[PDB]
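Colleague: Quick one: the structure is below, and I'll ask about it shortly.
Quick reminder, even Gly has a Cβ in these numbers, built from the backbone with ideal geometry, and neighbours come from all protein chains shown. All of this is worked out from the model, or read from it or from the source named; these are not laboratory values.
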RNA sequence: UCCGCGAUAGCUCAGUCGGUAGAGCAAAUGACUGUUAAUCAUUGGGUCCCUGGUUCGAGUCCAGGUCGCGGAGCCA
């Protein structure tokens, strides 16, 4: 069996004003408060394309290494639904913003596979229907919100690969600063065009378009449970029909919302209100200079030049802020493995305490840089790390013995707790080093050997 | 050879020697005196050992927990300062003449009686030592007493205990059937019955005048708390009887049962119509322990400035009902907010209220933010109608009929229990006169129960206006819970065709869905009617148990599996092949 | 996807600003003549949910998983 799937991802761009309207984007519980005259599709009103919208569009186009057309025209997707005000969705039929690109997705089975993206054009969002009294309520607060429809080439195969692609898209978009990426608030959505086929015969099972898929887990489970379903369907023969299916995480079953009786004729044609936007090579010349370093290539840059493991490189390159924050400390000259080490474990705990969106807030790189500076040059490595670790990070912002004296401390400890009796069996002798370490803080490496020699 | 039961040692048997066998609950060693608590089906008793026969002492020191032993001794009357209230036999002891260890016992996973912190999964996994606990045993024995009483009554009244087959034919519409792959008929399945309904009807056709059966029932639905996949039901069906006779016999049964077992008496069961029940309680299963009642008041609040009242007041598809809670004006705003959020869960947009403090001053005598939009006269006749006086609070539910009925009905029961406003006696009832039809979301008409339910009117008044038709159906309610219910069936040709015509079902579906039934109905079916009780819940009520699993010997969890026998389990591929079926747990990349 | 809580002896459950898994109950041995959910002393027992990583050292800190309860979100 060979399962050929596809992915249609809608990404909500983080722009202040809407794509054609002047209303804000992020909204609260207040309904119809984020809707001017343009969004309500009043008769005689006209739309004007947003600047940072197309900017971010061709930005994603440049990041994904796709052949961007010099000209792109907005077309109309005429369909009737209460959420859609003007009766047509302003999309792009011919000549999209970006087309034919490739994204390197990193999985766990060795090779980081290359996936195709056929296009990524600019769309617009519609209203939302809610559960209420009777009739129903439509809110146009999200209507008019700029959307980026990243359509992937059907080169993507297994479900795990699909999850990898969604995560790669999410990561790239997070790095570019185009969308929030937070699927919980409803910014990033996707659909899956899954179709299976028996290897050998050019005949195959009917296409299944699973719409409205939230989490990555939901993606994997739904895609699997759809693949196996199609496998059964073709094995039995029966009736292979093209349908619009849905997935609920509660029962892990796939239900059909609408049966596709025929190809929906949306009647596409160039919008007479919107003139074709011309993207000249100068825009791309400046924006490519503005292009940030890709995460997929950032972890690999963490593999090549800086001594690091795949794991630590990936988890360090999980975000741009953390990456830059770490690279500064490396710039201090703190040992790569050890500087990164300090970034991971120690400050990571306090970062887990508040989980502060940006690591620009809690601790500066110059401070930890100064700590490692004190640990390397000014002082030797060992116990000096342990206390400053406690004191320096939380509160104050201000920046070692190796004698024989510890032996004199080693006797009194044995007198404190009844340690003389516990010496009989080997077990663990950490409790012996505890009292000495607490009394001194000094020099653990010597203390372990001395305590081990003194025990039995 | 046992002489007497441990938990049946009264004070009267003093000066008699006894031999009793049982388990060793707990053992107390004082050195000079050894105490053993021996337990059987009837309860616990204390046996005492003094080393004056040190051989028995040797057979006393080795004994540990849950050892199965046989002890013969003499019952000695214990001192006044040693008497035990917890032990039913706890005013006497038995000095052990001779002991014998019938069988040894490994350490029981969990302890008996509280506050031994067993958790439900562990208690279910070792259910065979859990039922040793006297409380569980008392519950099950009580169940046995119940089935005993019911069987005695039904037998004495000319009912026939006849068994109906479990493996029957599968059919949709009603509920998911448990299927059983057929070894002899490949591709075909048997099905576990949801109720012996069809079979009992056939038994009426078969000439058996009166039938009853305590039958096993199976539903493959996702389950609720207090709901199990395998549940026992008391099926009853009779011929040549109307609704009055059936309700008579059944009511008599319930009374006789409650007097035989718990020794309580029920007077008479009030017959309340569905319409009335919905009117003053907003529920098809009223809790008659709570005297609090819903009173409709929307008619006088039609042309009023306040709009959340006037809205549904002029809308026929709903009402505005009030609920007086007495002496509850001292209630804090916290509780009010909690209750508003509570009624929120049943769909009510808001819970309006009036705190009634001083009636002679009018409007300045009613502290509330709503009082301004409503005239003084209407207010006064409302207060007059609801029965409210000084010190009370009046709540208001104003919405679609279903929503207000459910939300205020539940607010009613909730605030009913929370303020302890009920009489603690038993309160039984009958719910009668249901409607025949209802709309089915999309439209059209449909029967709530079954299309075989007898309407109170004629097939003409029926084909006239189907909405005005009441059914001859009946449910029995105790403490606001539905013990069971049934109805008298239709055996009339023209009537069956009348309800068939009125529901939109042509003869295709008539034949495909009910053909064998209609066939059996055509060859001379008598006037028959029946009812069924959920025996489990009945025992649950009669015991006072919290859950239904407490009145079932070996229950299953909410996900239909039982943790003790680890069922359902895996079966080898051979038995899978012989039954003509395949699995589909195949490896994916 | 997200928030809170939780996984640690037979059972229940605690464990700080990182140093031999404790306590009640149960079990084993011993003591005690009135307990009755006995007590007291002593002994025995366990993979701190899985993997990887951090540190002189991990139940504890970092990252990624599994499972139970409830809440939020989505359901063009």
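Colleague: Within the stretch A:246-260, track down each residue that is farther than 24 Å from residue A:86 by Cβ and either touching a strand residue (DSSP E or B) at 6+ places or on another chain (Cβ under 9 Å) or away from chain B (no Cβ under 14 Å) (or both).
Modeller: A:246, A:247, A:248, A:249, A:253, A:254, A:255, A:256, A:257, A:259, A:260
Yes/no matrix, rows are residues, columns are (1) under 17 Å from residue A:104 (Cβ atoms); (2) buried (at least 18 other Cβ atoms within 10 Å of the Cβ):
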site: A:161; (1), (2): yes, yes
site: A:173; (1), (2): yes, yes
site: A:181; (1), (2): no, yes
site: A:184; (1), (2): no, no
site: A:190; (1), (2): no, yes
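Colleague: Okay, moving on. If you scan the stretch A:172-192, which residues turn out to be part of a loop (DSSP other than H, G, I, E, B) and within 11 Å of RNA strand C (Cβ to nearest atom)?
Modeller: Of everything in the stretch A:172-192, those that are part of a loop (DSSP other than H, G, I, E, B) and within 11 Å of RNA strand C (Cβ to nearest atom) turn out to be A:180, A:181, A:182, A:183, A:184, A:185, A:186, A:187.
Colleague: Filter the stretch B:110-124 down to the residues that are more than 6 Å from RNA strand C (Cβ to nearest atom) and outside any loop (DSSP other than H, G, I, E, B), then identify the one that is surrounded by the fewest Cβ atoms within 10 Å (Cβ to Cβ).
Modeller: That would be B:121.
Colleague: Restricting the first residue to the stretch A:213-227 and requiring it to be within 14 Å of another protein chain (Cβ to nearest Cβ), which pairs with a second residue that is part of a helix (DSSP H, G or I) meet a Cβ separation below 8 Å and a spacing of at least six or different chains?
Modeller: A:220/A:159; A:220/A:160; A:220/A:162; A:220/A:163; A:223/A:159; A:223/A:162; A:224/A:159; A:227/A:159
Colleague: Suppose we filter B:81, B:73, B:90 for residues that are out of contact with any helix residue (DSSP H, G or I) (no Cβ under 7 Å at 6 or more places or on another chain) and exposed (fewer than 14 other Cβ atoms within 10 Å of the Cβ); which single one remains?
Modeller: Result: B:81 is the single residue among B:81, B:73, B:90 that is out of contact with any helix residue (DSSP H, G or I) (no Cβ under 7 Å at 6 or more places or on another chain) and exposed (fewer than 14 other Cβ atoms within 10 Å of the Cβ).
Colleague: Just for the stretch A:150-159: of the residues that are in contact with a helix residue (DSSP H, G or I) (Cβ under 7 Å, 6 or more places away or on another chain) and within 14 Å of another protein chain (Cβ to nearest Cβ), which one is nearest to residue A:104 (Cα to Cα)?
Modeller: Only one residue tops the list, namely A:156.
Yes or no, residue by residue, for (1) loosely packed, with under 14 Cβ neighbours inside 10 Å; (2) within 14 Å of chain B (Cβ to nearest Cβ); (3) closer than 24 Å to residue A:54 by Cβ:
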residue	(1), (2), (3)
A:178	no, no, yes
A:196	no, yes, no
A:211	no, no, no
A:241	yes, no, no
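Colleague: Given the condition under 25 Å from residue A:385 (Cα atoms), out of contact with any strand residue (DSSP E or B) (no Cβ under 9 Å at 6 or more places or on another chain), more than 10 Å from RNA strand C (Cβ to nearest atom) and in a helix (DSSP H, G or I), answer yes or no: does some residue in the stretch A:431-445 qualify?
Modeller: Among the residues of the stretch A:431-445, at least one is under 25 Å from residue A:385 (Cα atoms), out of contact with any strand residue (DSSP E or B) (no Cβ under 9 Å at 6 or more places or on another chain), more than 10 Å from RNA strand C (Cβ to nearest atom) and in a helix (DSSP H, G or I), which makes the answer yes.
Colleague: State yes or no: is residue A:425 assigned to a loop (DSSP other than H, G, I, E, B) and within 11 Å of RNA strand C (Cβ to nearest atom)?
Modeller: Taking the combined requirement at face value, the residue satisfies it.
Each row is one residue, and each column tells you yes or no for (1) more than 13 Å from RNA strand C (Cβ to nearest atom); (2) closer than 30 Å to residue A:87 by Cα; (3) in contact with a helix residue (DSSP H, G or I) (Cβ under 6 Å, 6 or more places away or on another chain).
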| position | (1), (2), (3) |
| --- | --- |
| A:219 | no, no, yes |
| A:228 | yes, no, no |
| A:234 | yes, no, no |
| A:238 | yes, no, no |
| A:241 | yes, yes, no |
| A:244 | no, yes, no |
| A:262 | yes, yes, no |
| A:267 | yes, yes, no |
| A:273 | yes, yes, no |
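Colleague: If I ask for residues that are within 10 Å of chain B (Cβ to nearest Cβ) and surrounded by fewer than 17 Cβ atoms within 10 Å (Cβ to Cβ), which ones from the stretch A:230-239 would you list?
Modeller: If the condition is that a residue be within 10 Å of chain B (Cβ to nearest Cβ) and surrounded by fewer than 17 Cβ atoms within 10 Å (Cβ to Cβ), then A:232, A:235 are the ones that fit.
Colleague: Restricting the search to the stretch B:13-49, which residues are within 13 Å of RNA strand C (Cβ to nearest atom), touching a strand residue (DSSP E or B) at 6+ places or on another chain (Cβ under 8 Å) and not in a strand (DSSP E or B)?
Modeller: Residue satisfying the conditions is B:33 alone.
Colleague: Quick check on my filter: what residues within the stretch B:88-109 are touching a strand residue (DSSP E or B) at 6+ places or on another chain (Cβ under 6 Å) and part of a loop (DSSP other than H, G, I, E, B)?
Modeller: B:88, B:89, B:92
Colleague: Against the condition outside the structural domain of residue B:315 (by CATH) and exposed (fewer than 15 other Cβ atoms within 10 Å of the Cβ), how does residue B:479 come out, does it pass?
Modeller: So residue B:479 does not fit the description; no.
Colleague: Looking only at the stretch A:130-141, decide whether some residue is in a loop (DSSP other than H, G, I, E, B), within 27 Å of residue A:275 (Cβ to Cβ) and touching a strand residue (DSSP E or B) at 6+ places or on another chain (Cβ under 9 Å).
Modeller: Yes, that holds for at least one residue.
Colleague: Being assigned to a helix (DSSP H, G or I) and either within 14 Å of chain A (Cβ to nearest Cβ) or touching a helix residue (DSSP H, G or I) at 6+ places or on another chain (Cβ under 7 Å) (or both) is the filter here; which residues of the stretch B:539-589 pass it?
Modeller: B:539, B:540, B:542, B:543, B:548, B:550, B:551
Colleague: Also, I was wondering about something else. What about residue A:404, is it more than 27 Å from residue A:322 (Cβ to Cβ) and either more than 11 Å from RNA strand C (Cβ to nearest atom) or within 14 Å of chain B (Cβ to nearest Cβ) (or both)?
Modeller: yes
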